[PDB]
Structure formats: C-alpha cells, structure tokens
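Written below as structure tokens is the structure these notes are about.
Residue numbers (the deposited numbering), protein chains in the order written: chain L, 172 to 197; chain I, 401 to 975; chain J, 217 to 436.
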C-alpha cells in the first residue's frame with residue numbers, strides 16, 4: 172500500500188511539472 | 401594513465417613488461433609474478449601490460465616506419481610451417497605453430513637499429529620523472545636561450561632520450577619552434593627569430609596588424625619575452641618544472657593544432673596557479689571541433705580554479721550559461737525523447753558544468769545558496785525523460801550532478817543523525833535517488849541510472865553518514881539474480897560502504913560473501929576491491945597479524961589450480 | 217504519461233480484484249491523491265462502462281466499488297468534478313432505480329447498492345443543485361416517476377423513495393409527504409406487490425421509519 176501511495180505521489184509531481192512547462196511555453 | 405603508474409618506485413608499485421625467467425633473478429622484491437603458472441599470465445592484462453605494450457609498439461613503428469612493419473606482419477600471418485617426410489606425408493601448421501625467435505629476426509632484417517637497448521629501458525630500471533625548465537631572452541643579440549635539465553629520483557638512474565619540443569609565441573602568439581633536448585643538462589640556443597618562420601602566413605600579420613610599432617613600446621621592452629610554450633602534445637611524458645606558466649597554458653589552449661596538448665594544458669591550468677584566463681578559455685568551451693573530453697576539462701578548469709578570492713559568484717553566470725546548453729525545455733523533455741539529445745554536446749561536458757558548480761560549492765563554503773539555486777533548476781528539468789540510448793550518459797553523469805548538491809547542502813556534518821527536518825531536500829532527492837517501485841526491472845537490459853542512483857543514495861548518505869541503510873539495499877540487490885549489471889552495481893556499493901564502515905562484523909560478512917556468492921567472477925571483483933581499499937589508516941595497530949585469514953589466504957592460493965586466475969593474485973597481493 | 221498511466225492501470229486492476237483490502241485502498245487513493253485531474257475523465261469513463269457491464273453481470277461488489285470510487289472522486293478536493301456531474305448522475309441513478317440490480321440475496325448486499333448509490337446522488341444534489349438548476353428537476357422527476365409508478369417493482373420503488381427521502385428535508389416535505397398517503401393506498405400494492413414480502417416488511421418498515429423521521433424534523 173505504501174509503495175502504491177508513493178507511486179501516486181510521484182505521478183502527481185510529474186503532472187505538476189508538465190503543467191508548469193506548459194505555462195512557461197504560453 | 402600508464403605514466404601515473406610508471407611514476408612509482410621504491411616498494412610501490414611498478415613492474416617490467418618483458419618478464420624473462422632467468423636463473424639468477426635476484427631482484428624479485430617488486431616482481432612477485434615471474435611469469436610462472438597460470439594466473440601470472442592472466443594478470444598481464446593489467447593496464448601497464450596492455451597500454452604500455454601499446455605505447456612501445458607505437459614508438460617502434462616510427463623508427464621502423466609503417467609500410468615496412470606492414471610487410472612484416474602480413475608475411476607473419478601467412479608464413480607456412482610445413483612437415484614433410486619421405487613417404488610423402490604433407491603436414492601444415494600456420495593455423496599451426498609459429499615462433500617468436502624468428503619474429504624478432506624478421507623485423508630486425510626489414511627495419512631498425514639497436515632494439516635491445518631501447519626496449520630494455522621500457523622494462524627494467526628506466527624512464528624519467530621531472531624535466532627542469534629555465535628561461536632567458538637577451539635583447540642585444542636577439543638570441544632566446546633555454547636551459548633544460550632532467551632529473552629522476554630512484555636507484556638506478558641515468559640520462560634518457562625524450563624528444564622535448566618547444567614552440568615560442570611572439571607578441572601575438574604567432575611564432576614557431578622545434579627544440580630537441582635529450583641530454584641531462586642542456587643549454588640550447590634559439591636564433592634571431594623575432595620574425596617567425598611563418599612570418600607571413602597569416603601568423604604575423606597579427607603583430608604586423610599594428611602591434612609591430614604601436615606596441616614597439618612593449619616589444620622593444622622585451623621584459624615580456626617571447627613566450628616559450630612547453631611540451632606540445634605531451635611530447636615527453638614527464639613532470640615539468642617551469643616557473644611562470646599561465647601564458648604558456650593559454651597559448652596551447654588557443655593556438656595548438658593537436659588537442660593532446662590542450663587537454664593537458666588545461667589539466668595544468670586547473671592545477672598550477674593561473675591568473676585570469678576564465679573569459680578566454682570559454683573559446684574552447686564551445687569550439688565545436690573539439691573532443692567530448694577537452695570541452696569537459698575546459699569546464700573543469702573553471703571548476704578546479706574555483707574563485708580563489710571573493711569573486712566566487714562571478715564565475716557562475718558563465719556556468720549557468722552552459723547549464724542551459726541551448727536547453728530548449730519548452731519542447732523538451734517530450735521532444736528530447738524523440739531527439740538523441742544532440743548528445744547535449746557531449747554529456748561529459750554537461751556533467752562538469754554543474755560539477756564545476758559543485759566543486760566550487762565544495763571548495764568554498766560561502767557559495768552554497770546560489771549553487772543550490774542553480775542546481776535546483778537542473779532538478780526541475782529532470783523527471784520528464786524516457787529511455788533513449790545516448791541519454792544514458794546524460795542521466796548517469798547528472799546523478800553525479802545531483803550528488804554534491806545535497807552533499808554541500810547538509811555539510812554541517814557531525815554524523816548524519818537524521819538531518820533533522822530537511823524534508824524539502826531529503827524527500828525530493830530520494831525521490832530521484834530511488835527507483836520507480838511500480839516500474840519493473842525485467843525490461844531494461846541495461847541499467848545505468850539506478851547503478852549511479854544507489855551512488856546518489858550513497859555520498860549524499862556518506863558525507864554525513866547513514867550507515868546501515870545503504871548495505872541493506874545492496875545485499876538484497878545481489879541476491880535476487882536478475883540483471884548482471886545491477887548485481888555488480890550493488891556489489892561495488894557494498895564495498896564502497898565497507899570502505900567507510902569499520903565495525904569488524906561487516907568485514908567478516910564481506911569475506912564470507914567473497915567466499916561463496918557463488919558467481920566466481922563477481923567473487924574476484926569483490927576480492928580485488930577489498931584488496932584495494934585497506935582496512936587500516938595511518939595508525940599501525942596490529943598490522944597484518946592474523947591466523948585464520950592466512951588459512952583462507954593459502955586456500956585461495958591454488959584455487960588457480962581450479963580456475964580464476966585473477967583470484968590467486970588477489971591472494972598474491974594480500975600475502 | 218508513464219506514471220499517470222501506471223497509477224490508472226493499478227487502480228482499475230484493484231477494482232475487479234477479490235482483494236477487498238486492495239479495492240478499499242484504491243478508494244482511499246482516489247479521494248486523497250493530488251495530481252489526478254487528468255485521470256478524471258479516463259476514470260469516470262472506465263467507471264461508467266464498468267457500471268453498465270456489471271449491472272448486466274449482477275456483480276454487486278463491483279457496483280458498490282464503482283459507486284465508492286465515484287464518491288471518492290466527488291469528495292477529492294484536488295478534482296474539479298463539476299463538468300462530469302452530468303455523467304455521474306445518470307450512472308448513479310441507473311444503480312438506484314435499475315430494473316436488474318437484482319438485490320437478490322440478503323438484502324444487505326443489494327439494498328446496500330441502491331442505498332449507497334442514492335447517498336451519492338444525495339451528496340450530488342446537496343452540493344450542485346443550487347449551481348446547476350437542471351440537476352434538481354432531472355433527479356426529482358426520475359425518482360418521483362419511479363416511486364409513483366404502479367408497474368415498477370418494489371425494488372425500483374424503495375430505491376427511488378430512499379433517494380427522495382435523503383435528498384433534502386424540503387424535498388421530503390414537498391414530494392414525499394403529499395405523495396405519502398396516495399402511494400400507501402394505490403401502491404401499498406404491498407411495495408408494488410410481491411416484490412414485497414419481508415422486503416415491504418423491512419423495506420416498508422425502512423420507508424415508514426424514514427418517512428416518520430423526516431416527517432418529524434420537517435414539522436420541527
């Protein structure tokens with residue numbers, strides 16, 4: 172369960188990074 | 401690199417290449433390896449035995465020329481050794497025995513003079529250490545006089561040939577030279593070369609730009625004498641002793657045509673005390689004809705020189721310039737999966753621009769906020785990449801980038817304890833450090849990133865010290881079997897952690913895992929790595945005073961009789 | 217992306233798995249994880265497809281796990297659920313009213329699917345009805361139509377009146393009090409009836425209990 176949670180967190184972080192990049196491009 | 405090992409005499413640590421078993425061999429203190437059985441043949445793929453054999457074969461070419469040694473080795477391959485008896489029984493051997501006594505003779509016949517002397521001073525008691533340079537330049541005569549001695553601290557010292565070239569560079573680095581120097585104490589006379597041999601190539605229409613007469617105020621003041629650059633192309637493999645050397649390094653950085661010189665002229669720019677070249681060697685930061693590694697060690701100049709005083713943060717803008725190496729991360733890192741990264745102009749050079757930063761961070765402890773800001777942006781670039789062949793080298797030497805960022809960042813040492821409550825760093829840095837625990841590891845046939853991401857784990861947990869977290873991965877990671885690389889990655893870090901750890905138990909369990917793990921070759925790897933890093937420091941309290949290790953020792957001797965001929969010279973070194 | 221696809225896959229895998237511990241963990245995840253905003257409408261689309269399919273497989277456990285997953289999304293303060301309210305309502309309503317949610321065992325299993333589905337519709341009403349206008353009239357018309365149809369089984373009726381009952385005290389007074397006497401004469405029909413037996417005993421106990429205990433507070 173802990174591992175799964177960690178994975179989810181990582182995914183969220185990645186998404187955030189992507190969003191930031193998009194904003195910069197705009 | 402072979403020079404590094406041939407600068408070693410007096411117990412440590414050099415060997416002959418031509419190893420002739422003679423009866424009267426009285427000096428075997430340093431030669432322990434004969435060449436007798438088995439593992440003493442195996443151990444002549446050590447670096448001296450390879451690339452010093454390489455070195456001597458490259459020399460002998462230049463003396464016996466290349467076309468001639470071509471005709472030599474092409475005959476040797478197709479020269480036939482037959483067997484013929486008088487009842488007509490025709491035998492054929494080549495793909496069949498050939499001899500080395502007639503090899504000697506064949507090359508001797510074709511080309512060359514005395515090769516017995518020359519090769520004797522590669523194997524026995526020969527080669528030099530240091531070349532002394534001193535300089536003059538007399539105005540009245542225009543004769544520019546050089547005094548080159550040479551010096552070799554060891555039993556059995558002589559005077560040696562080594563073609564030692566010098567090329568003097570006029571007011572605008574538009575000169576010439578030559579030289580030779582091959583006797584012990586020589587003073588050599590370099591004629592009225594105010595105007596170079598290349599007087600008008602376009603060399604000196606540079607001082608013949610308008611610096612012949614306008615700066616005759618500072619050529620007729622010859623107090624800045626003609627700048628004698630020293631040892632082109634590592635022309636003789638020595639340690640130079642040459643006062644006042646900043647201009648010489650620059651002139652070799654800019655105007656030398658062979659980059660063998662340059663990469664060594666910036667190893668010397670790195671180390672020897674140099675005034676401001678920083679803006680000038682950015683030429684060779686982005687000279688797009690140059691090697692991966694000269695662009696690298698051009699960054700590593702600014703890394704080593706590391707401020708000197710309190711213009712530490714004036715270097716740095718030039719570093720973060722190529723911290724974005726034209727990094728276009730508004731399409732990246734989604735179209736850098738699709739690209740090959742354009743090598744990012746060698747990721748040897750990208751590594752050592754945030755590692756110029758990191759060395760500077762290490763060396764002076766009033767950097768560290770601004771470097772951290774810098775390398776925080778490198779971390780924002782990361783965790784958006786996929787697998788791509790070339791980009792392994794980027795990832796692998798960016799984990800050395802990210803190590804020595806949290807490393808200074810908690811260099812308030814006194815143990816690790818816990819690093820108190822630096823969640824911001826420890827979390828995020830461990831997030832890149834560890835593997836994606838969803839991601840299966842049965843798919844990549846290579847593993848680089850997570851080989852050096854256990855190294856990002858260690859060294860950020862070595863500069864403080866989280867002891868028993870580190871091996872508690874690497875034991876598990878060398879049991880499960882999958883991934884030959886991963887296993888060795890783990891086992892190299894289980895011995896990098898014993899290199900720090902000094903409770904006796906860990907070394908016991910380490911020579912147990914030496915004994916039976918039971919891949920034989922990873923067994924060697926570990927055994928040599930424990931034989932390299934010693935278990936003692938300066939102090940000498942009970943030196944080498946064991947009884948059971950010496951039983952294991954003799955029982956690891958004559959496992960040559962079984963196989964691994966790199967195990968028994970493991971024993972041979974720890975005897 | 218690789219990480220978002222992996223966590224999507226893992227949560228769907230955990231929905232069908234007989235590991236009720238691992239589905240419960242997947243529910244917690246879908247209510248608690250940030251970053252999920254892109255893995256909305258792929259979730260919801262794969263939930264709603266799975267709710268169709270599992271209605272036509274009678275798999276109560278899958279259906280309760282999919283209701284719980286919609287609830288988790290709706291409760292997740294890092295997911296802007298509004299846009300997809302208009303998808304999640306007719307899926308949840310299909311679970312409340314469905315002619316083939318057979319609640320065929322022990323009432324506890326599939327009474328608890330109609331009931332749980334209705335509690336999610338009741339949240340959605342109490343949170344979105346003001347903002348959307350469309351939503352209240354669409355839901356109240358479909359539930360009132362069910363409950364008041366003579367020709368809709370006990371099971372469909374009890375589901376619709378449980379939903380009505382829990383929407384709002386002001387819905388209880390306005391729809392369900394005036395309908396009360398009319399529906400007990402016409403469609404006592406014992407529950408619309410058999411349909412019934414001991415499930416108008418327990419389900420028209422529960423209806424008379426939830427009617428008494430929303431009548432008493434709409435008076436008070």
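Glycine residues also receive a C-beta, built at the ideal position from the N, C-alpha and C atoms.
- Under the rule that a run must span 4 or more residues, the alpha helix (DSSP H) segments found entirely inside the region 778-813 of chain I read 791-802, 806-809.
- In the DSSP assignment, no residue is bridged to residue 866 of chain I.
- Interface residue (Cβ-Cβ distance to chain I less than 9 Å): residue 183 of chain L is not classified as such.
- When beta bridges are read from the DSSP output, residue 353 of chain J appears opposite no residue.
- For residue 558 of chain I, the closest alpha carbon among the candidates I:574, I:546, I:427, I:582 is that of I:582.
- Distance from the CA of residue 760 of chain I to the CA of residue 706 of chain I, rounded to the nearest whole angstrom, comes to 5 Å.
- The straight-line gap separating the alpha-carbon atoms of residue 358 of chain J and residue 287 of chain J is approximately 21 Å.
- Looking at the DSSP output, residue 531 of chain I bridges to I:550, I:640.
- DSSP, reduced to helix, strand and coil, places residue 629 of chain I within a strand of the structure shown.
- A contact is defined here as three or more CB-CB pairs under 8 Å, and the region 263-275 of chain J fails this definition with respect to the region 242-251 of chain J.
- By the neighbour-count criterion, in which a residue is buried when 16 or more other Cβ atoms sit within 10 angstroms of its Cβ, residue 432 of chain I is exposed.
- Burial is judged here by how many other beta carbons sit within 10 angstroms of a residue's own beta carbon; residue 220 of chain J has at least 16 and is buried.
- Residue-level contact check: residue 190 of chain L does not touch chain I, since none of the beta carbons of chain I fall below 9 Å from its beta carbon.
- The beta strand (DSSP E) runs of length 3 or more contained entirely in the region 480-517 of chain I are, from start to end of the chain, 481-484, 490-493.
- For residue 589 of chain I, DSSP records a beta bridge to I:545.
- Around the CB of residue 296 of chain J, fewer than 16 other CB atoms lie within 10 Å, so the residue is classed as exposed.
- Within the region 819-851 of chain I, those residues whose Cβ lies closer than 7 Å to any Cβ of chain J are, in chain order, 838.
- If you draw a straight line from the Cα of residue 796 of chain I to the Cα of residue 787 of chain I, it is about 12 Å long.
- By the criterion of a C-beta distance shorter than 6 Å, residue 560 of chain I is surrounded in its chain by 528, once the five residues flanking it on both sides are discounted.
- Nearest to residue 563 of chain I by C-alpha distance, out of I:926, I:580, I:740, is I:580.
- Annotation: the continuous alpha helix (DSSP H) that includes residue 682 of chain I extends over 682-685.
- According to the DSSP assignment, residue 440 of chain I belongs to no beta strand (DSSP E) but to the alpha helix (DSSP H) extending over 439-442.
- In this structure residue 172 of chain L is exposed. Its beta-carbon is surrounded by fewer than 16 other beta-carbon atoms within 10 angstroms.
- Taking a beta-carbon distance threshold of 9 Å, residue 925 of chain I does not count as an interface residue toward chain J.
- Going by C-alpha positions, residue 647 of chain I is about 29 Å away from residue 725 of chain I.
- Here residue 755 of chain I carries a helix assignment [DSSP, helix/strand/coil].
- In the DSSP assignment, residue 652 of chain I falls within the alpha helix (DSSP H) that extends over 646-654.
- Its Cα nearest to that of residue 848 of chain I, the residue I:793 stands out among I:807, I:793, I:857, I:894.
- Sequence-distant partners of residue 970 of chain I (beyond 5 residues in either direction) whose C-beta falls short of 8 Å from its own C-beta, in its chain, are 924, 927, 928, 931, 956.
- Between residue 901 of chain I and residue 867 of chain I, the gap from beta carbon to beta carbon is short of 9 Å.
- Listed in chain order, the positions of the region 217-230 of chain J with a beta carbon within less than 8 Å of a beta carbon of chain I are 218, 219, 222, 223, 226.
- The continuous stretches of beta strand (DSSP E) do not include residue 738 of chain I, and DSSP gives it neither H nor E.
- One alpha carbon belongs to residue 744 of chain I, the other to residue 790 of chain I, and they sit about 9 Å apart.
- Interface with chain J (9 Å Cβ-Cβ cutoff): residue 195 of chain L is excluded.
- The Cβ of residue 783 of chain I sits closer than 9 Å to at least one Cβ of chain L.
- Residue 423 of chain J: member of the alpha helix (DSSP H) spanning 419-435, first to last residue.
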